[PDB]
Number of protein chains: 4
Amino acid sequence: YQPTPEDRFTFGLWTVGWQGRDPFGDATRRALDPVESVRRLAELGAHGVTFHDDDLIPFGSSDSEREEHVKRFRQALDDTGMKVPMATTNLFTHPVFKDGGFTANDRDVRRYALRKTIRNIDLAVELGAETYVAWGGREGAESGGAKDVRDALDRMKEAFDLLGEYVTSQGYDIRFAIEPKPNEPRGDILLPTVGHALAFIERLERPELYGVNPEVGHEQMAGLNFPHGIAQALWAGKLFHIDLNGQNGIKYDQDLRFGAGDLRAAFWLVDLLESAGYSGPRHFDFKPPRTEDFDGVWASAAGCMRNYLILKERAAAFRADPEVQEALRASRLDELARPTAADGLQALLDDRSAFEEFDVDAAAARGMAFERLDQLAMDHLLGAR
Amino acid sequence: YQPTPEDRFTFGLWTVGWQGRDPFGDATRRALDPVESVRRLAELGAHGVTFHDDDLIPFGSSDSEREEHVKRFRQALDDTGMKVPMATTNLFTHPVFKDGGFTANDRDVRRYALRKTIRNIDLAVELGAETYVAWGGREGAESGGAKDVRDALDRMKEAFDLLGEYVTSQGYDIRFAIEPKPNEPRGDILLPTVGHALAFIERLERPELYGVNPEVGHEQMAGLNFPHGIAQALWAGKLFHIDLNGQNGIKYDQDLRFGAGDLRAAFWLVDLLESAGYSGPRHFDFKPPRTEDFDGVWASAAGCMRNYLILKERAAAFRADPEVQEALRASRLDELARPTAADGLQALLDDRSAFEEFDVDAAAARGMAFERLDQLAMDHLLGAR
Amino acid sequence: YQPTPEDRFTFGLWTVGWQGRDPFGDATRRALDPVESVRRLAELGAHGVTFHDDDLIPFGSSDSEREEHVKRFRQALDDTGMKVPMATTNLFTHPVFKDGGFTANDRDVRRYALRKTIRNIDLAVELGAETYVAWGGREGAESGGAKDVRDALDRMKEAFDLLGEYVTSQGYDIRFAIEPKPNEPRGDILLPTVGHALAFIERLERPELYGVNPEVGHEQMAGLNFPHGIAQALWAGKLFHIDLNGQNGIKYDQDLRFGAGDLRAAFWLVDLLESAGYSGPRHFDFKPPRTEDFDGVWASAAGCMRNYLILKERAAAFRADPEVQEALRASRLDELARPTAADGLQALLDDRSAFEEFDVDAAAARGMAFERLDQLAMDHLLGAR
Amino acid sequence: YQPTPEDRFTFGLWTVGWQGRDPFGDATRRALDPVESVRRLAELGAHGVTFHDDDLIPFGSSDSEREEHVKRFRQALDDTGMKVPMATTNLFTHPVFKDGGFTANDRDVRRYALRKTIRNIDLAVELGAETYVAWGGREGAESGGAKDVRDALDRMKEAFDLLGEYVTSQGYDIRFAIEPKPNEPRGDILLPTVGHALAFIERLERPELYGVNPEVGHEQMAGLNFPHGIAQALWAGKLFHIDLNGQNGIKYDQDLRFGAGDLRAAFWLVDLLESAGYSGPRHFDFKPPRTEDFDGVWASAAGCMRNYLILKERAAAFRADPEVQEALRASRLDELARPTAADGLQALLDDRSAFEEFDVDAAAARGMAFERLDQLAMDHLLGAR
Ligand SMILES: [Mn+2]
Ligand SMILES: [Mn+2]
Ligand SMILES: [Mn+2]
Ligand SMILES: [Mn+2]
Ligand SMILES: [Mn+2]
Ligand SMILES: [Mn+2]
Ligand SMILES: [Mn+2]
Ligand SMILES: [Mn+2]
């Protein structure tokens, strides 16, 4: 279960570089040099890294400081052949963004947010990012009066439309991926799920330019089925990127290493991604627990990729197993793929077998055989076949 | 706080009619005659009633039995002047639907589900329904292998497309409203939130024919902000109908009377509906707790309407209060309503005041004054102003 | 992973015998004869069965009907050598119990609840039950005014004290196990967690007679760590019995087969039970999903026991692995077992190494190595060592 | 609704003093001088303030630095007549506590934690604290192997026993209050609910010295009914102190001002505290949202107290209302207060009216009238009576 760069595993600078500050705790680790992160992740078999602007270039950097940070980073990338498939803006950390970036009540803040984003889009393109992620962590409210959500959605559309106009004007190929999260740090965050983000995108001027960057933990913070959400994103053609981590149901965003939290959900996710032929980065947005030293950081990072590869093997064996294939037939997964009424409305209306002469009781009596199928899945996950 | 018909309060037959069977409990109340329900609801100042097919006509009724049930119901409606603004299909109760209606793995069940729906659409239109609701309560899974969600969404789209074709073919004015729910009775339900439903609708052949019927409790079962969800639905022009009730956060679907559960959320919902000039039914999908006799049923129903009317008064008083108008200005709600960059992309890019010359620290230092605003809101809700 | 009776796997009649009625659904399976359940479970390698009074003897049975039901049951038990280690009362299904048994507001209902319980205690003793379970599913409220909880706890203590007096008076060896659940079917249930039940027991007249019967799904309905709860129960000497099943975090009580839901929690539970040398029944309180026919029922039941046995093997291999043993030392699990201050208060106060001369920074710099340990645990669970 | 000192409203230094650092955000406010906090809180009509050691004296202060901080604080207290009814230790912020204080795997950390606590107990007593709170925020785990919970509870008991020995040895009157929290910042925290804490206390050497300090938000993070929890604490005689704030169900710890979050729960809490004649501090552990400037801080703090006083008025009016007294009788709350079987076990056994001759159907038919009662409660809360 050794990762190779062809596996397209990527990590945010901010993941292995998390110093372990939480709402009740000071840092437990010194800052990481992005250069060290690039080299160490390469050694572990990573494909690439990602960054917020402010991960790579300290906020408030001079142009000359900015140049030096980027130069050193590119030297590390060039030396190792590591890629930068995705980049994003920090519109959450600085107190200016305390009521949001794109949907800050203060108009001057909204304009600044856009300029900050646009600057980093340029850098992303220079570094070869195919996807530009937007997580609106500060977009929302703790109280009802604070935020008119219709107005906020107007501002959010305006922002994303302007970003679309910008990339088009520049002839960039980069696409946008909106990252939903239901809450935290805001009491409620706008576009709280994959669903809300997908719906919003349809109302943008150039919807083709926007998809989703769903995160395992985020959907699970709403107690939602992450594989189901990813399925709908795939169905919409909108899975531009994905964030992989672990979460123990409905609490604060834990950002455990992938495979931790809901193990079975991780299995069904990997099954879906591989079955669907998702070709995007397998990106880990995770935090090595602050209990850990740097040995633990790199162990946790390695664990992300290991767990993906184990689950990939087990999902593949599941699908390849003739006993499972028969179980799928027994459960009529194959019938689910048949059109309901390719014969058309009139044919359906005129079909006595579909109502008048439908034996509801015979149909009802048919077991779905789902439990046998699921225990085959369990056996395969646990290598108990 | 006396309800009158022009308040547009409506109830499902299945609400006041709930006999109090739960997963651990037998009925605590005898079945209600729909005729009595109509009469009692009329006396309480209800505008209308709604029904599943199987609430009005017992499943498997003969034509003569069906005619007699509909005859008696129509007489009650005519006697009282009660309206039927909405109806729906029961695609969840009968064992045949144990793996779904429209997305049953069994093709013959999918076809039956459609025929059952179409039959009731005709009756709904006869009785004057402007909205036809679909709650796909059995669409989903308890286990990962049981349901291919991409295939399921293909079948779901086919079903809704066919229903659209049908209403078009008949020259009906009735529109569909998809009712999301995250879980229960399936382990996970497809289209689990307002977001997922809105997204799905955009992929239908005739999206204009479909909106959402969000339920307070359902969004809150995912820990989501219901007012925020309703805001997004309104933003999308897709709030065709709404289900009002109470829920205490993330647990089984409680269907408490409206005002119970999250009282603050109820306030902000009514504020939004009234502000936005929602003109649809105020429909209660609730269950009088099984502790109650019939006196308690009618008390609970009266409570739904009473609570709406109190909250309406308090929300209106909030928005009218000069002190609140000043607080909203202090919190820059007015700035939120102004376009971020009506001067356009190029002007934004060239605006040094938006970046190089933006005083981030001065902006960050401005308090949002949200707490003062919210306490004004609290004072108004509690009548302590 | 073949179960043997020595494994002490037990099932409620109501588990495999669940006909699949849920709050939105009619039965999907015919009723099971307890006699068939005994014989089929025996064939699958079960140790025993359990029952509510009303599972074995239909409510309202004549004495002669009661005698015939029990006679047939005992013939099946005697034929197979199947045991009845636990029994319980149904104080939830009948509408009389709509506001509770022991803490019904109606005093006459409370007295009836006790008499119903006492009758079944006698039967339990006849059948050789070592544990008598009480799940107060109807003890609680949907509204604040309905239930004075101090009064309710007075009534609950009175009831349990009377039950203690009864078993003592009869010289029975049977002990009581209180089963917590946070909600459902009541909006909130009294003694909602293992903690609340443990605390309550300490205030009973004869606390030695009472322990807990924790259920996986129930604790997880409060988003709690079930293994942690079981640890505290073990610490208190109060794990008389346990209910094993699966649950996907915070929603309605799913009662999935054991191993389903939170797989990693199941692993850590089995690790703890085996490590602690828990000698009580491994009891499954689960429901074969209503999607299933009887083939699926028995497959689901078999899966309960299979999953326990796989997890038992993996937990044992984890603990036996010298690499894991070293990881545990690296993480100072062994230091956790050392008394903090066996040298006593004065010694601690006078110990400069404990404050004045404690190098906080050196201590802080020590990594806990928890991530390496946890990935060893993951490898072992998945058989990827 | 003007607060005055005799209302016993108290605030942590860390509440109004919160600089607004969260897991995704830098400070939005400058540090507050405790002297200013004391003065401002006094002007708002606060009774008292509380502190962690490290709120009052910066970690690692010299004796001269410590004396100067305490000197200035004492002067503020003396100037204003503000009391210090409670204090506590910070065993969570410093990296040394990253795996806990009392249940750190590292023995030397456990000993340090105790010495740090004991130092502050002395200061607490000097300043007139009647209660010493312990929130073990770092006691727990993110992973299953990291913490043996039985061993941890052994260490936790040792720690609390030693603290009991200390206060006894010094002849202090101060009592301990353990503050439960289910999670955050640990993945799971030991003693996660009021229940678990109550249970644990019963196993201490001197249980009379220990109660609970429950927090609204903490119980609600497990989706529990806070009033119910407080009722059980009162029942046990263990409500030594209470933390008041707001929380929106199952998510990160929000620490909204009291009255925000679950408003209904706030009502029923105040009703209970006042009815039970709780005489302890009404302490607010809250954070003014980081959106706010200092004007917003003091508004938020004022809101805490205002909301308590409104709810107090409404609860008193509810209980005083003859209509409510009648509704409570109709719902048999008076019957709940009567012993079930003061006639004793034998009399109960011999009472045919309790079984053979009990009319179950007549009992079942009696409505509980809970909905009428609750709507009276709603009317009173909203001032609509
Ligand atoms: Mn996250
Ligand atoms: Mn992410
Ligand atoms: Mn509902
Ligand atoms: Mn509904
Ligand atoms: Mn259960
Ligand atoms: Mn159970
Ligand atoms: Mn808190
Ligand atoms: Mn607190």
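All heavy atoms count here, side chains included; hydrogens, waters and symmetry mates do not. Convention: sequence-line order gives letters A, B, ...; per-chain numbering from 1.
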Worksheet item: Taking atom CD of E43(B) as the centre, does the number of heavy atoms from other residues, nucleotides or ligands within less than 6.0 Å exceed 12?
Response: no

Worksheet item: Using 4.0 Å as the upper bound for N to carboxylate O, is an ion pair formed by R39(B) and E36(B)?
Response: no

Fill in: Check: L224(A) and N183(B) side chains under 4.5 Å, non-hydrogen atoms
no

Worksheet entry | Under 3.5 Å: donor-acceptor pair, side chain of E158(B), backbone of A341(A) | yes

Practice prompt. Check step by step if side-chain contact (heavy atoms from CB on, under 4.5 Å) holds for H94(B) and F59(B).
Written response: CA-CA 9 Å; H94(B) 194 287; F59(B) 180 96; 3.5 Å; yes

Worksheet item: Are the side chain of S169(B) and the backbone of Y166(B) linked by a donor-acceptor contact shorter than 3.5 Å?
Response: yes

Discussion item. Looking at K157(B), I'd like to know if its NZ atom is crowded, meaning that more than 12 non-hydrogen atoms belonging to other residues, nucleotides or ligands lie closer than 6.0 Å.
Written reply: yes

Item to complete: Any chance you could lay out the side chain to side chain donor-acceptor pair (under 3.5 Å) test for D55(B) and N90(B), step after step, and finish with the verdict?
Response: CA-CA 8 Å; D55(B) 297 328; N90(B) 188 324; 5.5 Å; no

Fill in: Closest heavy-atom pair and its distance - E202(A), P207(A)
O-CG, 4.1 Å

Fill in: Worked verdict on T168(B) versus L209(B) for side-chain contact (heavy atoms from CB on, under 4.5 Å)
CA-CA 9 Å; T168(B) 294; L209(B) 287 189; 3.8 Å; yes

Practice prompt. Let me see the working for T28(C) and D293(C) under side-chain contact (heavy atoms from CB on, under 4.5 Å), right down to the final yes or no.
Written response: CA-CA 8 Å; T28(C) 61; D293(C) 61 18; over 6 Å; no

Worksheet entry | 4.5 Å side-chain heavy-atom contact, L333(A) and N105(B) | yes

Fill in: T103(B) side chain vs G100(B) backbone, donor-acceptor pair below 3.5 Å
no

Practice prompt. Return yes if some donor-acceptor pair links the side-chain N/O of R115(B) with the main-chain N/O of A113(B) below 3.5 Å, else return no.
Written response: no

Practice prompt. Inspect the contact between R111(B) and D351(A) and indicate whether a charged nitrogen and a carboxylate oxygen are less than 4.0 angstrom apart.
Written response: yes

Discussion item. Check for me whether the distance between the ring centres of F226(A) and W268(A) falls short of 6.0 Å.
Written reply: no

Worksheet item: Is there side-chain contact between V84(B) and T10(B), with at least one heavy-atom pair below 4.5 Å?
Response: no

Item to complete: Please assess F92(B) against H52(B) for the test ring-ring contact (aromatic ring centres under 6.0 Å, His included), listing each intermediate value before the final yes or no.
Response: CA-CA 11 Å; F92(B) 45 89; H52(B) 305 85; 5.2 Å; yes

Practice prompt. Show your working on ring-ring contact (aromatic ring centres under 6.0 Å, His included) between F355(A) and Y112(B) and close with a plain yes or no.
Written response: CA-CA 6 Å; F355(A) 199 68; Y112(B) 174 67; 5.7 Å; yes

Fill in: Nearest heavy atoms of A199(B) and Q232(A), plus distance in Å
CB-NE2, 3.7 Å

Worksheet item: Which value, rounded to the nearest 0.5 Å, describes the distance between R175(B) atom CZ and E130(B) atom CD?
Response: 9.0 Å

Fill in: Flag if over 12 foreign heavy atoms under 6.0 Å of CZ, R329(A)
yes

Fill in: pair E67(B)-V70(B): side-chain heavy atoms closer than 4.5 Å
no

Fill in: Sidechain-backbone polar pair: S143(B) side chain, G145(B) backbone, donor-acceptor under 3.5 Å
no

Worksheet item: So how far is it from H228(B) NE2 to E219(B) CD, rounded to the nearest 0.5 Å?
Response: 12.5 Å

Discussion item. Salt bridge or not between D54(B) and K116(B)? Use side-chain N to carboxylate O under 4.0 Å.
Written reply: yes

Practice prompt. I would like to know whether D99(B) and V109(B) meet side-chain contact (heavy atoms from CB on, under 4.5 Å); could you show each step before the answer?
Written response: CA-CA 9 Å; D99(B) 186 47; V109(B) 171; over 6 Å; no

Fill in: Option among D78(B), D79(B), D33(B) that satisfies the salt bridge (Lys or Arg N to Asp or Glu O under 4.0 Å) test with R72(B)
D33(B)

Discussion item. Show every salt bridge (charged side-chain N to carboxylate O under 4.0 Å, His left out) that has at least one partner inside residues 225-238 of chain A, sequence neighbours left out.
Written reply: none

Discussion item. Less than 4.0 angstrom from a charged side-chain N to a carboxylate O is my criterion; do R110(B) and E335(A) meet it?
Written reply: no

Response to the item:
When every non-hydrogen atom of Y278(A) is compared with those of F240(A), the smallest separation belongs to OH-O, 4.3 Å

Fill in: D243(B) and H283(B) side chains, donor-acceptor separation under 3.5 Å
yes

Response to the item:
Nearest heavy-atom approach of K251(C) to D188(B) is NZ-OD1, 3.6 Å

Worksheet entry | Salt bridge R21(B)-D22(C), side-chain N to carboxylate O under 4.0 Å | no

Worksheet item: Can a donor-acceptor pair be found between the side chains of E274(B) and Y308(B) at a distance below 3.5 Å?
Response: yes

Discussion item. Take a 6.0 Å sphere around CD of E65(B) and say whether it holds more than 12 heavy atoms from other residues, nucleotides or ligands.
Written reply: yes

Discussion item. Testing the basics here: between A233(B) and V194(B), what is the closest heavy-atom pair and its distance to 0.1 Å?
Written reply: CB-CG1, 4.3 Å

Discussion item. Do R40(B) and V16(B) have side chains that approach each other closer than 4.5 Å (heavy atoms only, starting at C-beta)?
Written reply: no

Worksheet entry | Whether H69(B) side chain and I57(B) backbone form a donor-acceptor pair below 3.5 Å | no

Worksheet item: Above 12 or not: heavy atoms from other molecules or residues under 6.0 Å from CG of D350(A)?
Response: yes

Response to the item:
Heavy-atom nearest pair, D255(B) first then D253(B), reads OD1-OD1, 2.9 Å

Worksheet item: Are the side chain of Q247(B) and the backbone N or O of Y252(B) linked by a donor-acceptor pair below 3.5 Å?
Response: yes

Item to complete: Describe, in one word, how the ring planes of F160(A) and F176(A) are oriented to each other, choosing from parallel (under 30°), tilted (30 to 60°) and perpendicular (over 60°).
Response: perpendicular

Item to complete: Taking the six-membered ring for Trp and the single ring otherwise, decide whether the centroids of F24(C) and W135(B) are under 6.0 Å apart.
Response: yes

Discussion item. Pairing donors with acceptors under 3.5 angstrom, does anything connect the side chains of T89(B) and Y132(B)?
Written reply: yes

Discussion item. Tell me whether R206(B) is salt-bridged to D161(B), with the criterion being a basic N under 4.0 Å from an acidic carboxylate O.
Written reply: no

Discussion item. What I'd like to find out is whether the side chain of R138(B) reaches to under 4.5 Å of the side chain of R186(B), using heavy atoms alone.
Written reply: yes

Worksheet item: Do side-chain atoms of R203(B) reach the backbone of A236(A) as a donor and acceptor pair under 3.5 angstrom?
Response: yes

Fill in: Test item: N245(B) side-chain N/O and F258(B) main-chain N/O as donor-acceptor pair under 3.5 Å
no

Worksheet item: Parallel, tilted or perpendicular: which fits the ring planes of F284(B) and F9(B), with parallel below 30° and perpendicular above 60°?
Response: tilted

Worksheet item: Between the side chain of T15(B) and the main-chain N/O of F11(B), is any donor-acceptor distance below 3.5 Å?
Response: no

Worksheet entry | Beyond-backbone contact of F200(A) with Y210(A), side-chain heavy atoms, under 4.5 angstrom | no

Discussion item. Assess the residue pair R119(B) and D63(B) against the criterion (salt bridge (charged side-chain N to carboxylate O under 4.0 Å, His left out)); give the C-alpha distance rounded to whole Å, side-chain angles, the decisive distance to 0.1 Å, and a yes or no.
Written reply: CA-CA 13 Å; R119(B) 191 180 196 202; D63(B) 285 344; 3.7 Å; yes

Fill in: Plane angle bin for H196(B) and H196(A) - parallel if under 30°, tilted between 30 and 60°, otherwise perpendicular
perpendicular

Discussion item. Measuring only between side-chain heavy atoms, which start at C-beta, is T131(B) closer than 4.5 Å to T88(B)?
Written reply: no

